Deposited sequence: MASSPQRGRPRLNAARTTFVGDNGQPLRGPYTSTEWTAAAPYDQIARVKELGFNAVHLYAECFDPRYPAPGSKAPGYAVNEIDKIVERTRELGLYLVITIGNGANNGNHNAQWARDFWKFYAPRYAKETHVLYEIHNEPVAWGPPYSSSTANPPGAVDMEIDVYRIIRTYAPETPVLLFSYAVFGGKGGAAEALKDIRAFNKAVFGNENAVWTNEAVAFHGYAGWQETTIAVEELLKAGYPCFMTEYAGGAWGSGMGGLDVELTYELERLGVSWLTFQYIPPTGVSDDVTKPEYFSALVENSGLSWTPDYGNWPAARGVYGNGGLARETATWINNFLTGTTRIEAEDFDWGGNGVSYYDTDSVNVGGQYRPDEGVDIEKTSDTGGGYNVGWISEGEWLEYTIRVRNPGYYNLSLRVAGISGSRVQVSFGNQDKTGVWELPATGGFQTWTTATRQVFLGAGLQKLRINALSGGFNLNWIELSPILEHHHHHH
């Protein structure tokens, strides 16, 4: 290259999503040129510092009355869209361009959409960083668009016609199809498959076509659980997909983000690039960065060092899910070994006063001090604990409410800890019992009130003088 401009994103090896020119998912917030100036260069640039490598653009809002007299034709925002294209080009960002809806979400004007893409598909065909998303939420509110009673009918015909237009003028540009508002359950995937089959027959001559440069765009409005199921089922069917709009409503949907990361699916979140948008500002910590930081969510960003490289130790890299009760028994393990703190390093997933593990056991190349334990069950304990040290464990709380939090501890004298969950203090100062020896073990328990979701459990040592074997958490 002779600039930071990114190369064409392509379907990944696993055929789950589009990845960039380094094999990594596209991740990004949104902006709009539907009625405003292009977001300024400096604000677009900031997305790189938030771990993103892509921008979702709602380029123009369709006119429901087109082509009637006084209706607004596509192309009116060209000078603003050109600015977003150039800015993302120079910044080394991907750009996903779509048609927005304004007051008409779950609807479309077919002629307007065809005319939009006749203009814009050739215009950006040669911009390797740019992807085309046919039309935002064109049907109320999800699949099957191909049903005769879809509201409105005929959206698959629009998808087909627009696809033909795009591919005529922009033969190598990634195309994202459907943009389903509500994509949920095994049923949602099955209905989407009817749409896919119909589109495929019309465009490729075979209901079961293997896409080379297309994916299903979908939104998160079925909710994280049902959306995850629909995505899993579609992926099993052999069709890649791409998250193009979702929110926790109100801020990043941490749970859906986690699942998309797990599944290998690119995502565009519904928080905006300053100065303006119709939802929440992605640069305000409370709607994005704090949610990421508190949850323990991590990915490898294209630029910078945020989010920090980190993850769960053991448990197959999955967040440790809390157990529940059925009648009088526990459905899964409640015990998190102290020595199984998140990887990431000193100042990231733990803080240790010395970079060496002086105990030399279990994780000899990290800074936490670990020795063999003679407590019931064997294994290891964290030792050489001093004031200001801390340890983090990424967990996933299944249900909100009261939990018994237990620490398995040993100490010659008294000691003090405090425990945070998602960077919220749940214990205050917790005085720990002197047991009279560093391998004389007791279980200390305090009741805590937890919110549901992915969250870091952080143990803060307010003093030294204790060893820690394990942590247990169970609903009351």
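The chain's deposited sequence has unresolved stretches at 1, 251-256, 484-491, with no C-alpha coordinates there.
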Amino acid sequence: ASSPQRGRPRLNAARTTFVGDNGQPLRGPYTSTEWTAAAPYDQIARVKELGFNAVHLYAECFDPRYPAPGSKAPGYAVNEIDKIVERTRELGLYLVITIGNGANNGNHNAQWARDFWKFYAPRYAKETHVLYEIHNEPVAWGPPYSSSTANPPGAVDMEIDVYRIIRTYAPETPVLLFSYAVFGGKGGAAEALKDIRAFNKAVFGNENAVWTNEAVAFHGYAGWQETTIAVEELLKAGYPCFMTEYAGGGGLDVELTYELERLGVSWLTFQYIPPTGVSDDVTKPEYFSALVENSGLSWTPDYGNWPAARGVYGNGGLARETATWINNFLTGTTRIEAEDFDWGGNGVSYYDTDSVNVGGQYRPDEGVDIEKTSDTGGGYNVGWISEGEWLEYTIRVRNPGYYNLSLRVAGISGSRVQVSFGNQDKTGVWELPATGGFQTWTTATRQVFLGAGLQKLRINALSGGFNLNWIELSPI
From here on, numbers count along this sequence of modelled residues.
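Set 155-163 against 377-385 and average the Cα temperature factors; 377-385 ends up higher.
When 457-465 is weighed against 14-22, 457-465 comes out higher, by mean CA B-factor as recorded in the entry.
Taking the PDB entry at face value, the top CA B factor among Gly317, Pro74, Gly264, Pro138 belongs to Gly317. Highest C-alpha temperature factor among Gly185, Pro174, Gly277, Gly304, as the PDB entry reports it: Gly304.
Among all modelled residues in this chain, the alpha-carbon of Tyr239 has a temperature factor (C-alpha) in the middle third. Among the modelled residues of its chain, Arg310 has a C-alpha B-factor that falls in the middle third according to the deposited record. For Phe218, the recorded CA B-factor ranks within the lowest third of the chain. Only modelled residues enter the ranking. For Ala39, the recorded CA B-factor ranks within the middle third of the chain. Only modelled residues enter the ranking.
Ranked against the other modelled residues of its chain, the C-alpha B-factor of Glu339 as given in the entry falls in the middle third.
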